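Sequence lines set the chain letters: A, B, ... in the order given, protein chains first and strands last, and positions in each chain run from 1.
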Amino acid sequence: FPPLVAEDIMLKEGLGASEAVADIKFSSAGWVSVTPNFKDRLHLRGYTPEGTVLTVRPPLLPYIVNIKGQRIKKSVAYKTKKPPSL
Amino acid sequence: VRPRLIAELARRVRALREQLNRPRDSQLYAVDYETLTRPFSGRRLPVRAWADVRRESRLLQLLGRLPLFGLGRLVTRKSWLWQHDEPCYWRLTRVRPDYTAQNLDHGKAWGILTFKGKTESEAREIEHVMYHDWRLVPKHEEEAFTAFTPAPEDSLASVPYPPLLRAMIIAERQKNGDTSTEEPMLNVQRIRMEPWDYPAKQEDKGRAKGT
Amino acid sequence: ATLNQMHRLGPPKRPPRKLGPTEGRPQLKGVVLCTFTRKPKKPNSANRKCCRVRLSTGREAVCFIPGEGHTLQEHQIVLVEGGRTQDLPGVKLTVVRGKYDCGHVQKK
RNA sequence: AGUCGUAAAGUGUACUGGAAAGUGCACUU
RNA sequence: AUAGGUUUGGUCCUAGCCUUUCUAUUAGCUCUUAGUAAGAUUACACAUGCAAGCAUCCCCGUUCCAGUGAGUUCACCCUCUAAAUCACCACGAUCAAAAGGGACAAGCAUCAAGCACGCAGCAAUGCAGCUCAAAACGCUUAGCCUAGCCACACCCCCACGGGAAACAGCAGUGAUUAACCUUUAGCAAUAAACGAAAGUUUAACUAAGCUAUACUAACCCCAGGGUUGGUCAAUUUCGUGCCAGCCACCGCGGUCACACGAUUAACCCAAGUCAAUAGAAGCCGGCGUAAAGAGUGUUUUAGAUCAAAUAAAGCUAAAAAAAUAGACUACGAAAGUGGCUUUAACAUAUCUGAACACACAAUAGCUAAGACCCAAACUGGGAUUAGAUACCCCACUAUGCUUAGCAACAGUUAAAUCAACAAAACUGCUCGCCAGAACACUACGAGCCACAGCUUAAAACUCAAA
Ligand SMILES: [K+]
Ligand SMILES: [K+]
Ligand SMILES: [K+]
Ligand SMILES: [K+]
Ligand SMILES: [Mg+2]
Ligand SMILES: [Mg+2]
Ligand SMILES: [Mg+2]
Ligand SMILES: [Mg+2]
Ligand SMILES: [Mg+2]
Ligand SMILES: [Mg+2]
Ligand SMILES: [Mg+2]
Ligand SMILES: [Mg+2]
Ligand SMILES: [Mg+2]
Ligand SMILES: [Mg+2]
Ligand SMILES: [Mg+2]
Ligand SMILES: [Mg+2]
Ligand SMILES: [Mg+2]
Ligand SMILES: [Mg+2]
Ligand SMILES: [Mg+2]
Ligand SMILES: [Mg+2]
Ligand SMILES: [Mg+2]
Ligand SMILES: [Mg+2]
Ligand SMILES: [Mg+2]
Ligand SMILES: [Mg+2]
């Protein structure tokens with residue numbers, strides 16, 4: 001398996017706690033939507049295997065933070081809410 | 001019910017680990033004589049044992065210095081000698097030492113018990129083999145040591161009932177028409193007072209688990 | 001309904017009771033966002049003292065401040081209870097006087 | 001709101017570009 | 001419920017909302033003493049100290065007690081039968097696992113199909129079966145059936161392994177919530193563990209600490225809280241003037257306010273009072289006009305007692321559709337059927353029971369083709385007052401045509417019949433339907449469209465009405 005190569009990322013001004021500022025996409029595996037806090041500029045480093053590429057895009061689902069629950073214990077995780085069907 | 005397979009896996013592997021990590025007598029019943037602690041577990045022995053632990057010998061500490069590990073020989077205990085005037089001893093019939101021991105001073109033994117001058121019919125396993133309590137009877141002393149004349153062991157054969165039980169029994173008899181004046185009695189010849197220091201069945205006893 | 005129909009349908013099933021503005025709680029703590037005044041519905045005329053508050057549940061709500069004269073400002077902490085202000089439509093919450101920053105009405 | 005002014009016939013539906021309503025079709029008294 | 005208030009110009013009915021009663025939590029203000037009972041909001045994170053030893057070594061115990069309510073028909077009964085206690089030689093009793101049989105919460109059908117869920121045979125294999133609208137399968141909610149029981153013991157259902165470094169044991173702390181008890185003492189009693197035993201250990205427990213949360217009993221002196229328009233017990237004087245303000249519902253406030261502020265007095269309860277919240281508290285009542293019952297027939301697991309039609313061929317008289325009879329009221333399940341002849345032909349020996357089965361029938365609106373005498377919305381043309389006739393005349397479309405497609409049933413008139421109005425009231429029996437306005441409103445969106453328009457909704461929310 002290739003090693004994970006790093007790539008530095010800077011995010012734009014945080015547009016509140018309900019609207020994503022970026023989706024970091026790990027090729028076809030999936031993506032992570034980041035919501036900074038207001039005015040906050042964040043510094044990130046994304047690691048992906050050497051052969052493949054990491055792509056930061058404007059969010060596909062920007063209001064995806066809102067569908068969640070409450071923090072469980074001291075864990076960073078939030079309880080998962082199943083989305084409405086289609 | 002979603003079958004719980006990890007529980008079965010854990011039970012099986014734990015059982016396997018136990019059966020392949022059975023500690024030996026040399027490890028279980030070793031002792032540190034300066035601190036009087038078991039190195040295997042770190043637990044201290046009770047205070048009342050301390051002196052004997054520093055003075056007396058374990059059974060195989062004696063048997064490992066004898067031909068055939070001392071089959072046929074007589075072994076007594078210090079506590080028996082201090083407690084009882086009548087002879088108490090084991091006549092050894094089988095010995096299985098712990099071969100891993102450096103001095104071959106741990107293991108199991110079987111014998112015929114004579115307690116307070118009364119011999120048993122069969123041979124059974126000896127308890128407290130790992131205790132620092134044992135003494136070997138010299139061969140030139142055995143005849144003097146075993147000499148015992150059975151004294152008349154005539155004890156009470158019946159006792160009175162407790163007052164209320166006696167009154168209730170008499171009342172029941174009188175109600176059923178009986179007019180007997182014979183005192184109700186409780187039979188105790190069948191209840192034999194077995195001394196608290198009589199050897200127990202080493203076969204039924206448990207063993208310390210490895211850990 | 002016949003006996004068979006009542007056996008089929010079963011005992012009457014009362015719908016779950018509706019939660020009010022306090023979500024079934026005696027009181028709620030809130031942070032004042034802004035103070036203002038509202039006009040009653042008209043058999044009546046006045047300038048009722050009200051304030052918008054963010055409740056501990058995160059929801060925002062309009063609350064009525066009882067008594068003559070209040071010193072509530074933005075960012076102040078208040079305790080709000082139930083009870084409709086009958087003349088103000090949509091105002092179902094009332095500020096508790098004498099708790100946290102909201103003090104008692106001054107005498108006279 | 002006044003401190004403002006003044007004394008055969010129907011019901012539907014469709015179309016309506018000479019529509020202050022008309023015509024067409026079906027119904028009611 | 002022994003009920004009460006509130007819709008109207010007024011009466012009656014229906015219906016929602018609220019008041020009066022009893023608890024619990026929290027908040028405001030106010031609180032004297034004694035005894036007892038009960039006692040974080042959070043399965044969020046935890047500094048610190050304790051909560052398991054005993055015992056002549058072996059063993060035994062730390063698998064109990066104590067805690068929590070996250071998850072959730074493992075708890076109950078019967079059968080069989082381990083481990084444990086006592087017989088201790090077992091006969092067997094007691095206690096109770098695993099296994100087999102039975103029973104066992106609530107909502108949602110806008111969750112209707114599940115998809116191998118069965119049987120027979122020693123097996124090989126064979127059959128195609130099993131559950132389900134009397135609710136399977138599925139989603140959501142919740143500890144329960146309380147001398148107590150079930151489940152869990154930081155998380156990954158489990159715990160070899162991993163995350164990671166654990167008070168849901170006691171005391172205590174941080175965060176959070178409207179919610180907020182001591183970092184006390186002793187094993188003297190009981191219980192448990194161990195010991196042959198004197199005994200030892202125990203944050204179980206016992207005895208104390210704190211708290212108006214409750215109960216009980218006081219108190220020589222010492223009372224507060226709320227209310228006073230009606231429901232509902234109880235206002236004097238001023239101040240203010242639709243302002244300030246007040247109310248549970250109805251409602252008050254515009255210069256005489258018993259309704260707001262103060263003051264006086266009264267009323268209720270009282271070491272409390274009572275503001276908010278949450279419970280307790282409710283369908284055997286109705287369906288013509290208030291919410292709720294017809295298109296017709298057959299069948300259907302169950303339940304009940306009540307065991308001049310229609311289709312075909314032919315034929316026609318007056319002027320293709322059928323005057324008289326017909327003042328008839330027959331046939332047909334309904335819609336419908338009334339020119340003549342002939343041929344077939346008009347189910348069923350109890351009743352109720354279909355959205356989902358089969359037949360019909362009618363009503364809209366579009367789609368394909370076809371006929372076109374006649375009539376005819378629209379569309380043209382001609383004539384007319386002094387905004388002609390909207391209205392008369394002519395021509396001709398869509399269309400009118402033809403195909404093929406998209407409360408029941410049986411018995412009663414005895415009773416006060418009898419909210420009214422309709423249509424005199426009734427019983428029994430069954431199915432379907434009904435639990436304020438609200439078959440409300442609304443486009444977050446979706447489809448068609450393709451920048452700007454069209455079609456398509458429930459719920460909240462509000463109110464004391466409708
Ligand atoms: K022991
Ligand atoms: K629970
Ligand atoms: K668990
Ligand atoms: K004790
Ligand atoms: Mg026209
Ligand atoms: Mg018309
Ligand atoms: Mg009423
Ligand atoms: Mg405790
Ligand atoms: Mg047994
Ligand atoms: Mg069982
Ligand atoms: Mg739960
Ligand atoms: Mg676990
Ligand atoms: Mg604690
Ligand atoms: Mg914890
Ligand atoms: Mg409390
Ligand atoms: Mg306490
Ligand atoms: Mg202590
Ligand atoms: Mg106490
Ligand atoms: Mg007043
Ligand atoms: Mg209080
Ligand atoms: Mg109706
Ligand atoms: Mg029928
Ligand atoms: Mg024509
Ligand atoms: Mg019916």
Side-chain angles (χ1 to χ4, degrees), chain A residues 70-75 77 82, chain B residues 1-17 25 28-29 31 36-38 43-53 56 58 77-79 82 127-133 193-198 200 202 204-208, chain C residues 1-9 11-30 39-49 55-57 66-69 79-87 89-90 92-94 96-100 102 104-105 107-108:
Chain A
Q70 295 297 109
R71 299 203 40 182
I72 60 180
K73 301 181 181 292
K74 183 175 74 174
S75 180
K82 188 182 285 187
Chain B
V1 296
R2 295 179 68 187
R4 299 182 162 188
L5 292 151
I6 290 168
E8 299 313 349
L9 183 65
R11 277 195 278 274
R12 292 183 291 113
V13 301
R14 279 174 170 298
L16 188 153
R17 281 218 279 273
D25 291 328
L28 284 177
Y29 312 129
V31 64
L36 284 164
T37 290
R38 297 288 191 188
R43 305 169 146 241
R44 294 178 65 88
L45 301 174
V47 184
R48 270 181 196 168
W50 285 359
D52 282 354
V53 166
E56 302 294 320
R58 301 185 304 271
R77 290 177 66 179
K78 192 269 287 179
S79 62
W82 277 19
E127 73 172 1
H128 300 175
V129 164
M130 71 292 294
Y131 281 46
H132 300 70
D133 213 29
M193 303 177 183
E194 183 65 26
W196 59 269
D197 56 328
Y198 189 90
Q202 180 53 46
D204 291 333
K205 212 167 286 194
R207 195 169 159 98
Chain C
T2 73
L3 291 171
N4 296 346
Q5 293 179 319
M6 272 165 60
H7 172 67
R8 262 193 83 208
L9 204 48
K13 298 296 289 183
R14 60 202 82 206
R17 294 179 66 188
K18 291 174 71 175
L19 311 183
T22 57
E23 293 83 4
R25 296 164 73 170
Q27 298 97 18
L28 268 168
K29 188 173 74 175
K39 289 200 99 73
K41 71 206 181 53
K42 283 182 206 37
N44 297 333
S45 297
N47 285 284
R48 304 257 172 273
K49 320 279 179 262
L55 306 165
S56 70
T57 62
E68 65 200 341
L79 194 73
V80 297
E81 60 185 0
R84 185 192 64 160
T85 318
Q86 294 93 336
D87 51 343
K92 305 289 187 181
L93 288 174
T94 304
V96 177
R97 285 285 209 160
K99 191 63 174 196
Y100 304 132
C102 191
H104 282 297
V105 181
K107 278 76 69 176
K108 290 187 282 188

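Base pair annotation for E:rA175 with E:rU42: paired, by the Watson-Crick or G-U wobble rule (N1-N3 plus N6-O4 or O6-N4, or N1-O2 plus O6-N3, under 3.5 Å). Base pair annotation for E:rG453 with E:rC448: paired, by the Watson-Crick or G-U wobble rule (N1-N3 plus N6-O4 or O6-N4, or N1-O2 plus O6-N3, under 3.5 Å).
Among the atoms of the strands shown, only primed sugar atoms or phosphate atoms (P, OP1, OP2) are found under 4.0 Å from some heavy atom of C:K13. Among the protein residues, B:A200 comes within range of no part of the nucleic acid, since none of its heavy atoms lies under 4.0 Å from any strand. Residue contacts shown for B:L36 are absent, as no nucleic acid heavy atom lies under 4.0 Å away. Within the nucleic acid shown, A:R71 has no heavy atom closer than 4.0 Å to any nucleic acid atom. Base contact: B:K78 has a heavy atom under 4.0 Å from a base atom. At the heavy-atom level, C:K49 lies under 4.0 Å from the strands shown only through sugar-phosphate atoms. Nucleic acid contact class of B:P3 (heavy atoms, under 4.0 Å, all strands): base. Counting any heavy atom pair closer than 4.0 Å across all strands shown, B:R207 reaches sugar-phosphate atoms only and no base atom. B:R17 comes within 4.0 angstrom of sugar-phosphate atoms only, judged by non-hydrogen atoms across all strands, and of no base. Here C:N4 lies in heavy-atom contact (under 4.0 Å) with sugar-phosphate atoms only. In this structure, C:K39 reaches neither bases nor backbone, as no heavy-atom distance under 4.0 Å exists between it and the strands shown. Using a 4.0 Å heavy-atom criterion, one finds that C:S56 contacts the sugar-phosphate atoms exclusively.
Judged by Watson-Crick or G-U wobble contacts below 3.5 Å, the nucleotide E:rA362 has no partner. Remark: E:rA271 base-pairs with no nucleotide; criterion is Watson-Crick or G-U wobble with both hydrogen-bond distances under 3.5 Å. The nucleotide E:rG92 finds its pairing partner in E:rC86, both defining distances of the Watson-Crick or G-U wobble pair being shorter than 3.5 Å. E:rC215 is paired with E:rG35 under the criterion used here, namely a Watson-Crick or G-U wobble arrangement in which both key atom distances are under 3.5 Å. Using Watson-Crick or G-U wobble geometry with both donor-acceptor distances under 3.5 Å, E:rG241 finds no partner in any strand shown. E:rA465 is unpaired under the criterion used here, namely a Watson-Crick or G-U wobble arrangement in which both key atom distances are under 3.5 Å. Nucleotide E:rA248 has E:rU231 as its partner under the Watson-Crick or G-U criteria, with both atom distances under 3.5 Å. Pair assignment for E:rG428: E:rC409, on the basis of Watson-Crick or G-U wobble contacts that are both within less than 3.5 Å.
Not one N or O on the side chain of B:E8 forms a donor-acceptor pair closer than 3.5 Å with the backbone of B:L5. Side-chain atoms of B:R12 never come within 3.5 Å of backbone atoms of B:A15 as a donor-acceptor pair (strictly under, hydrogens ignored). Under a 3.5 Å cut-off, the side chain of B:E127 and the backbone N or O of B:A200 do form a donor-acceptor pair. Not one N or O on the side chain of B:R38 forms a donor-acceptor pair closer than 3.5 Å with the backbone of B:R44.
Every residue two or more places apart in sequence or in another chain that forms a salt bridge (charged side-chain N to carboxylate O under 4.0 Å, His left out) with C:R48 is listed here: C:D87.
Sugar pucker of E:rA369: north, as indicated by a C1'-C2'-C3'-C4' torsion of positive sign. Here E:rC444 has a north sugar; its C1'-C2'-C3'-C4' angle has a plus sign.
OP1 or OP2 of E:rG432 lies within a sub-4.0 Å distance of a side-chain N or O belonging to C:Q5. Of the side-chain N and O atoms in C:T2, one or more sit less than 4.0 angstrom from OP1 or OP2 of E:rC431. Taking side-chain N and O atoms only, B:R38 has a distance below 4.0 Å to OP1 or OP2 of E:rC58. For B:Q202, no side-chain nitrogen or oxygen approaches OP1 or OP2 of E:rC58 to under 4.0 Å. Considering only side-chain N and O atoms, C:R8 lies under 4.0 angstrom from the phosphate OP1 or OP2 of E:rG432. In this structure, C:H104 does not reach the E:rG28 phosphate: none of its side-chain N or O atoms is under 4.0 Å from OP1 or OP2. Here A:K73 does not reach the OP1 or OP2 of E:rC155: none of its side-chain N or O atoms lies under 4.0 Å away. An OP1 or OP2 oxygen of E:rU277 is reached within less than 4.0 angstrom by no side-chain nitrogen or oxygen of C:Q27. Between E:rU56 and B:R77, no contact under 4.0 Å exists linking OP1 or OP2 to a side-chain N or O. An OP1 or OP2 oxygen of E:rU41 is reached within less than 4.0 angstrom by no side-chain nitrogen or oxygen of C:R25. Contact between the side-chain N/O atoms of B:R14 and the OP1/OP2 oxygens of E:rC158 is not found at any separation under 4.0 Å. Using a 4.0 Å cut-off, no side-chain N or O of B:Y131 falls inside it from OP1 or OP2 of E:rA55.
For C:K29 and E:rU26, the NZ to P distance is 17 Å, given to the nearest whole Å. For the pair C:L9 CG and E:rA135 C1', the interatomic distance rounds to 14 Å; values are reported in whole Å. Taking atom CZ of residue B:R43 and atom P of nucleotide E:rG53, one finds them 10 Å apart after rounding to whole Å. Between the CD atom of B:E8 and the P atom of E:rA159 there is a distance of 10 Å, rounded to whole Å. Rounded to a whole Å, the CD atom of A:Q70 is 17 Å from the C1' atom of E:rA70. Rounded to an integer number of Å, the gap from NZ of C:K108 to P of E:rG245 is 18 Å. With rounding to whole Å, C:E68 atom CD is found 7 Å from E:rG245 atom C1'. Taking atom NZ of residue A:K74 and atom P of nucleotide E:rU176, one finds them 17 Å apart after rounding to whole Å.
Nearest heavy atom pair, residue C:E81 against residue C:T22, reads C-CG2, 4.3 Å. The two residues B:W50 and B:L45 come nearest to each other via the heavy atoms NE1-O, 3.0 Å. C:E23 approaches C:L28 most closely through the heavy-atom pair OE1-CD1, 3.7 Å.
Looking at heavy atoms from C-beta onward, C:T57 lies in side-chain contact with C:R25 at the 4.5 angstrom threshold. Residues C:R8 and C:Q5 are not in side-chain contact: their nearest non-hydrogen atoms beyond the backbone lie 4.5 Å or more apart. A heavy-atom distance below 4.5 Å is not found between the side chains of C:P40 and C:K42. Between C:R97 and C:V105 the shortest side-chain heavy-atom distance falls below 4.5 Å.
Stretches of at least 3 consecutive Watson-Crick or G-U wobble pairs, with each checked distance under 3.5 Å, appear in RNA chain D as D:8-16 with D:21-29.
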Test C:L55 against C:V80 for side chain to side chain contact (heavy atoms under 4.5 Å, CB included), laying out the working first.
CA-CA 9 Å; C:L55 306 165; C:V80 297; 3.7 Å; yes

Output, in order, the C-alpha distance, side-chain angles, deciding distance and verdict of salt bridge (charged side-chain N to carboxylate O under 4.0 Å, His left out) for B:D133 and B:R77.
CA-CA 5 Å; B:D133 213 29; B:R77 290 177 66 179; 3.0 Å; yes

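Nearer to the 5' terminus of RNA chain E, by closest-nucleotide assignment, is the contact made by C:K99 (compared with the other of C:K99 and B:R44). Both A:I72 and B:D52 sit near RNA chain E, but only A:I72 has its closest nucleotide nearer the 5' end.
Judged by ring centres closer than 5.5 Å and planes tilted by less than 30°, the bases of E:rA203 and E:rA204 are not stacked on each other.
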Contacts under 3.5 Å, N or O only, protein and nucleotides 193-197 of chain E:
{"from": "E:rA197", "atom 1": "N1", "to": "B:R48", "atom 2": "NH1", "distance (Å)": "3.3"}

